[PDB]
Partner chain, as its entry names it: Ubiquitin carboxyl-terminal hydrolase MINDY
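Quick setup: one chain, the form deposited without its partner chain, written in structure tokens, and binding and motion questions come after.
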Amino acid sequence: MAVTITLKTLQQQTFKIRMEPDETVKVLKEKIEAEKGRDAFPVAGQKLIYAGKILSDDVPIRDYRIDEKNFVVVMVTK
């Protein structure tokens, strides 16, 4: 009974990834990266931004309260 995250790159792209607030975000990286690719959002540099703060693959999605109603920004170094 997972939720539905919502991500958004640099405003150009906006999507969502079921996932769950429990996972360490890394799993999300795998999904989002599966949507775009290792060129668009490689799990490596797949950084996310919730409430102006940053979140890595090792941090919990719950730590950033990344709920469906909200969306985080998937920024990746480039």
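Residue numbers count along the first chain shown, from 1.
Heads up, the form solved in complex with its partner chain isn't pictured, but that's what we're talking about next.
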Review point. Does residue 18 reach its partner chain in the deposited bound form, with heavy atoms at most 4.5 Å apart?
Key: no
Mark residue 53 yes when one of its heavy atoms lies within 4.5 Å of a heavy atom of its partner chain in the deposited bound form, and no otherwise. yes
Residue-level contact is defined here as any heavy atom of the residue lying within 4.5 Å of its partner chain in the deposited bound form; does residue 22 satisfy this criterion? no
Looking in the deposited bound form, the residues of 48-76 with a heavy atom no more than 4.5 Å from its partner chain, listed in order, are 53, 54, 55, 56, 59, 62, 63, 64, 65
